[PDB]
Amino acid sequence: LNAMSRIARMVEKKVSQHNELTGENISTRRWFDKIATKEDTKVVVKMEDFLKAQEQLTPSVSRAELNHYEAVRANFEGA
Amino acid sequence: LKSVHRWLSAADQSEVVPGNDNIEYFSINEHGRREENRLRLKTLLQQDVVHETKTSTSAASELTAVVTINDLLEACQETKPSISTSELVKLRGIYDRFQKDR
């Protein structure tokens with residue numbers, strides 16, 4: 001999703017640029033349809049994308065202390 | 001609201017003092033009548049009824065209503081914080097518990 005966001009902001013630049021170049025009335029969907037290329041799939045991804053995503057949101061489902069003490073207690077009481 | 005209240009209070013006499021030239025009046029055989037200003041107004045209203053029109057002209061926004069900081073700060077003085085001060089702590093705690101778990 002972070003990758004898709006970056007590429008998306010890139011094209012958001014592109015469209016604006018062309019709107020300044022060829023005409024401001026060109027629709028985003030029209031532009032992205034006409035100038036479409038096989039390289040549209042170039043959803044750029046890199047380590048920095050992953051690190052940004054990890055540090056940005058969703059640390060985990062259950063990480064802090066819940067897992068640890070249930071794990072140890074459950075193993076202990078299973079003897 | 002405070003600014004518009006003050007403006008309305010100050011503007012009460014603006015439309016009353018000036019004379020009206022939209023129609024001209026001769027005032028013959030006016031003796032025996034105690035009312036003077038109301039009778040003039042009723043004559044003007046009669047003529048306007050004979051010559052009534054619906055169109056009206058626009059006016060500058062600032063002289064209808066305007067916002068000023070002097071009243072803004074006083075309005076801020078009469079505080080009304082929505083969040084219950086005793087409940088902000090509880091809300092913060094529950095929000096954090098939701099955020100970290102589930």
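Can you list the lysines whose alpha carbon sits under 28 Å from that of B:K54, skipping same-chain ones fewer than 8 residues off? Output for B:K54: B:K42.
With each label modelled as a point 7 angstrom along the Cα→C-beta vector, the A:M10-A:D40 pair spans 1.5 nm. In loop segments of the range B:1-73 as defined by DSSP, the trypsin sites (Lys or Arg not before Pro) with at most 11 further C-beta atoms inside 10 Å of their C-beta are B:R33, B:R34, B:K54. Ordering A:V11, A:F76, A:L51 by Cα displacement along the dipole of chain A toward the positive end leaves A:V11 in first place; charges were set at the Cβ atoms of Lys, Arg (+1) and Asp, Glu (-1).
Using +1 on the beta carbon of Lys and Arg, -1 on that of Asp and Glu, and nothing else charged, what's the dipole of chain B about the Cα centre, debye to 20? Let's see the in-between values first.
Values: 14 positive and 16 negative charges, 159 e Å.
About 760 debye.
The convex hull of the Cα atoms of the protein assembly as shown, projected and averaged over all directions, covers 29.0 nm². Check the straight Cα-Cα distances from B:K80 and name the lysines below 26 Å, setting aside those fewer than 8 residues away within the same chain. Cross-link targets: B:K2, B:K90. Each residue in B:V4, B:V67 was given a count of other beta-carbon atoms within 10 angstrom of its own, and listing them fewest first yields B:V67, B:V4.
How do B:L39, A:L21 line up, fewest other C-beta atoms within 10 Å first? Let's see the in-between values first.
Numbers: B:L39 14, A:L21 9.
Least to most surrounded, the residues fall as A:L21, B:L39.
For trypsin sites (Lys or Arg not before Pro), the sites in the range A:47-79 that DSSP calls loop and that have at most 15 other Cβ atoms within 10 Å are A:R63.
This ranking places A:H18, A:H68 by how few other beta-carbon atoms lie within 10 Å of each, fewest first, which gives A:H68, A:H18. Under the convention that each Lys and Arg Cβ holds +1 and each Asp and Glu Cβ holds -1, the size of the dipole of the range B:40-94 around its Cα centre is about 180 debye.
Across the range B:38-45, coupling constants 3J(HN,Hα) worked out from phi with the 6.51/-1.76/1.60 Karplus curve, θ = phi - 60°, read 5, 5, 4, 4, 5, 5, 4, 5 Hz, and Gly and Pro carry x.
Here the Cβ is made from the backbone with ideal geometry for all residues, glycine too, and neighbour counts use every protein chain on show. Just so you know, all these numbers are worked out from the coordinates, no wet-lab data involved.
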